[PDB]
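A short write-up of the structure that comes next.
Residue indices begin at 1 and follow the sequence shown. Both counts, for ligands and for their atoms, begin at 1 and track the order of listing.
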Amino acid sequence: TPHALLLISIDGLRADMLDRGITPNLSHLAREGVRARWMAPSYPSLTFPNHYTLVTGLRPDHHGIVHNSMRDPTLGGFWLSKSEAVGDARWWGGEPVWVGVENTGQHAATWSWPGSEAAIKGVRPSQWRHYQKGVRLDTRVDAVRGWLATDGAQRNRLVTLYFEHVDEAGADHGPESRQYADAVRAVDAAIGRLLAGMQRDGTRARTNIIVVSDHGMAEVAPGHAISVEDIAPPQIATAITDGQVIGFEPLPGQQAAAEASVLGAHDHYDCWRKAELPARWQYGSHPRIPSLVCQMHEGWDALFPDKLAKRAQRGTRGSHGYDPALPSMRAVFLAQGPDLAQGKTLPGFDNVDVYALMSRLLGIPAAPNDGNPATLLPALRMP
Ligand SMILES: [Zn+2]
């Protein structure tokens, strides 16, 4: 029979965090279900590009959400809080799973998944919301609980759930901090209450569940921040993004200065013309990508000079956006329910492979994607 699918993201949950005895509910779920050793993000290892990859099966270079902050010659500027860029379907390539679900005449309900605020290929989820900071754990958990309990023609085949809490604590104090651990416990306990609730609604047993994160987290120790203008001064190029994936557009008639001073290897970063980026990143062909892309080494940030003055307090902090082959960047994948195996472990794999699993659990035809449809067949009860 057709079963519902609950898709949960715990933003910035690193893969080793399942094995520290701070996720009793997730650990139990994995033991009853399937667990990957880890799941690698796509390049760049950032929140928006990876949440969108997860639901499309496409690499960021194909789906168009190539950074958290971008420019396009036609659509203008995009960043996470410009709601009318985020809510504009023209940024978002491919076909996310909720579109596919709606196009079968079934219903999708999304708690704040990146892209779910837009009418992608003209199609919205049945239930959704604009992202709001500070929404309570038990608020979103009860909404999702209700969307899963919904009967009749309003029945949801797909429900998605997002938590920011782990990522926020990690950004502030680093991934080895007690604040990061507390946020993990808290999100884990929230999921426990969700599961218990589903047991009481009688929705648990007919619901498949996938829990993922978008990327992991690396520690950024005091003094590990430079200015983007140390990479290329404003005389020669414009920094389009800061953080860890630093995009530059040289000034007109400054190619040579830009390329002579920026390209290649430096103390704590490396830079490439976008077309010449490391092949395994599968990134650099999209026109929205700045002509020059620099990658900061793990544990280092390059910041706009105004931020650099503001922050420089002290305090261990945390960042993602590093090389997706780094252990620190590893995300989680686990799954459990009536159509998923039990007590199974899977090898490490790339996050573009989740899409094909979800298509099959949702009874939708899989759109074309960058994933390998074989990788997650073993997660199924019956391949
Ligand atoms: Zn994130």
> N/O/S atom of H215 under 2.8 Å from the Zn ion (ligand 1), yes or no?
Replying inline: yes
Only pairs under 3.5 Å count here: list side-chain donor-acceptor contacts from residues 117-124, not counting sequence neighbours, and write none if there are none.
unit_1, atom_1, unit_2, atom_2, d
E117, OE1, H130, ND1, 3.2
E117, OE2, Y131, N, 2.9
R124, NH1, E117, O, 3.0

>> Can you pull out every side-chain hydrogen bond (donor to acceptor under 3.5 Å, both in side chains) where at least one residue sits in residues 323-333? Sequence neighbours excluded, please.
In response: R280-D323, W281-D323, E298-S328
> Is the distance from the Zn ion (ligand 1) to some N, O or S atom of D11 under 2.8 Å?
Replying inline: yes
>> Less than 4.0 angstrom from a charged side-chain N to a carboxylate O is my criterion; do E32 and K344 meet it?
In response: no
> Any N/O/S atom of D214 sitting less than 2.8 Å from the Zn ion (ligand 1), backbone or side chain?
Replying inline: yes
> Any N/O/S of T47 under 2.8 Å from the Zn ion (ligand 1)?
Replying inline: yes
>> When you compare the side chains of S42 and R59, does any donor N or O come within less than 3.5 Å of an acceptor on the partner?
In response: yes
